[PDB]
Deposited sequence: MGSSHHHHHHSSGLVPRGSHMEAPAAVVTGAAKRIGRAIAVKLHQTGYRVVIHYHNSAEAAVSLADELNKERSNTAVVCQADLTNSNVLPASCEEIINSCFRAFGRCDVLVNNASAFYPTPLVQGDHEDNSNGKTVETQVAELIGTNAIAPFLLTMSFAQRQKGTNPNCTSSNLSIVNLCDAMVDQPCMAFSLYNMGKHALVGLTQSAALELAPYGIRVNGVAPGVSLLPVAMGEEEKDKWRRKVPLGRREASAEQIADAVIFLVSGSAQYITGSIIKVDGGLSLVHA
């Protein structure tokens, strides 16, 4: 029987690449999405065409709220209902936008940024553990200690996610569930970012003066879920081409 993985925010960009690469490795996949329904269903079609009965979708808002615990239970449930098991959880989904200290209300910003980046990962981890080569991989940020100007809530969420990776590694080790992170620097640049700013970020990266492909990020996720990482838990692997080493 093939193992099964849940990947949050898997319809596009890095989540999509992780889902595809896990599928190619032999996993059956739950494609979670929020708004990108067409992309999600298109991915499931592609993967099922490759191997029958190996991909499904699950929609959920991962903003923090009174119903989030139930929403996270249902995402994990969807893996069990379709595939009868859940071996891997990849916390990839993420809100990312500025929240200056000095449109959306501040309480909504808190809910979205801390919800997607930290609280949802915690609730999904809870549900994943309770329902049991098991492992969880959290998508972190290599630049968390040199944060983007005016992104305090996003940065707080990513710091919180490091805490979860370590706390969960410690607590779930007795159950044989490993918990690790992968920390991109710059990978697929945000859709809205202008071409001039995109070029400025590329020119800062020591290794090749370009961004990581989504596949290069997925390669690190594949390593951490594999048998070659069976003693690795609580580790966060930077995949940033030396960007975080570069001073102001």
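Gaps in the coordinates relative to the deposited sequence fall at 1-21, 124-132, 163-172.
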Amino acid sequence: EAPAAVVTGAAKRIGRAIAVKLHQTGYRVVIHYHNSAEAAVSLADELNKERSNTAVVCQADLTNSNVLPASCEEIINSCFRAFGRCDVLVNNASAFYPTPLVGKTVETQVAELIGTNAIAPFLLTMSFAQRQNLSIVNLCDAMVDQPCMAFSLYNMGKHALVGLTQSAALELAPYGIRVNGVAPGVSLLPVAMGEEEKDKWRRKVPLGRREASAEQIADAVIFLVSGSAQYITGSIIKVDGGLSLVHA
From here on, numbers count along this sequence of modelled residues.
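In this text, rigid core is short for the largest set of C-alphas that superpose within 1.5 Å between two forms.
Root mean square Cα distance to the shown form, taken over structures and residues in 9 other deposited structures of this protein after a core fit, is higher for 189-197 when 189-197 and 176-184 are compared. Here the stretch with the larger average CA B-factor, out of 33-41 and 189-197, is 189-197. Averaged over their C-alpha atoms, the temperature factors of 180-188 and 198-206 are higher for 198-206.
For the set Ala10, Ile232, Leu22, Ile236, the PDB entry puts the maximum C-alpha B factor at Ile236. The PDB entry gives the largest Cα B-factor of the residues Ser52, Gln59, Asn66, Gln216 to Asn66. Ranked within its chain, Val6 lands in the lowest third, by CA B factor from the PDB record. Ranked by Cα temperature factor within the chain, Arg85 sits in the middle third according to the deposited record. Per the deposited record, the Cα B-factor of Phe128 falls in the middle third when ranked against the other modelled residues of its chain. Sort the chain's modelled residues by C-alpha temperature factor and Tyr154 lands in the middle third, per the entry. Annotation for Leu47: C-alpha temperature factor in the lowest third relative to the rest of the modelled chain, per the entry.
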